[PDB]
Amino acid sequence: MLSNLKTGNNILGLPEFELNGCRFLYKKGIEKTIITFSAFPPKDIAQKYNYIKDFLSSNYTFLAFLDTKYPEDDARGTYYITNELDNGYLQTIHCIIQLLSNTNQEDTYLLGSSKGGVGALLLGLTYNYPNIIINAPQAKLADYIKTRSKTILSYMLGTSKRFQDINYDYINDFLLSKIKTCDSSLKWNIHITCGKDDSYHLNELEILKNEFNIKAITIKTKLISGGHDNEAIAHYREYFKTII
């Protein structure tokens, strides 16, 4: 029973639930379903639900997900990838959405910035959510985890040295693999904003656009003000409110 999944935490009036390691907020509404994914917080800061304020006064159904809870010593998530390096966490998110949402999937919108944008893409491309509106995702996920936390990277690489570089490249290509194996016949509605001052994620955006190009999948991209900062976020929020 949903109410028995509560953690005791409360975010802006919304009670937190946890199912099979997946923490989420749920507000039942009408017309549309809005789904958000959390990005990396700073070290020693708890993972935060993204873009609640934009939607708690809305009448839409709202689900906001956090990343995983491991590793314990730097519990800022593993890019929505299980420690078995598979889809078990994305699958849990998918089940929660399909059972708690009261709209069609084409009336479902996936939102997220940076790591959250990758999460939205990973879920949408695995389980055919066509509406993905994100900002500045990474392309090579392991290269980026390395810059944010050596602890999270080391944990995800595993303990055996035989497989560390294997796991590294596997994680590094996890999203790119999702693009290559996704259903090219779906009417994808993917928008990716990026700050014009964000040289890194501008390059990552070219890598992603290239993979979508190879799959004959047209993507909408819009450059916006800012870098990897709150000015880009501010323009991103304005962008996805216009669409939705």
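Start at 1 with the first residue shown and count on from there.
Engineer: Would you tell me which stretch averages the higher CA B-factor in the PDB entry, 158-166 or 127-135?
Structural biologist: Taking the mean C-alpha B-factor of 158-166 and of 127-135, the larger value falls to 158-166.
Engineer: I need to verify one thing: averaged over C-alpha atoms only, is the B-factor higher for 21-29 or for 230-238?
Structural biologist: Taking the mean C-alpha B-factor of 21-29 and of 230-238, the larger value falls to 230-238.
Engineer: Sort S185, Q47, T68, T36 by C-alpha B-factor from the entry and give me just the highest.
Structural biologist: Of the candidates given, the C-alpha B-factor peaks at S185.
Engineer: Can you pull the Cα B-factors for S114, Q98, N87, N83 from the entry and say which is highest?
Structural biologist: That would be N83.
Engineer: Taking the chain's C-alpha temperature factors as the reference, tell me which third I190 falls into: lowest, middle or highest.
Structural biologist: Middle third.
Engineer: Relative to the other modelled residues in the chain, which third contains the C-alpha temperature factor of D74: lowest, middle or highest?
Structural biologist: Middle third of the chain for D74's C-alpha B-factor.
Engineer: Can you tell me which third, lowest, middle or highest, the CA B-factor of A64 falls into for its chain?
Structural biologist: As the PDB entry reports it, the C-alpha B-factor of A64 lands in the lowest third of its chain.
Engineer: Within this chain's modelled residues, let me know which third the CA B factor of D143 belongs to: lowest, middle or highest.
Structural biologist: Middle third, going by the recorded CA B-factors of the chain.
Engineer: Give the position of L56 by CA B-factor within its chain, expressed as the lowest, middle or highest third.
Structural biologist: Top third by C-alpha B-factor.
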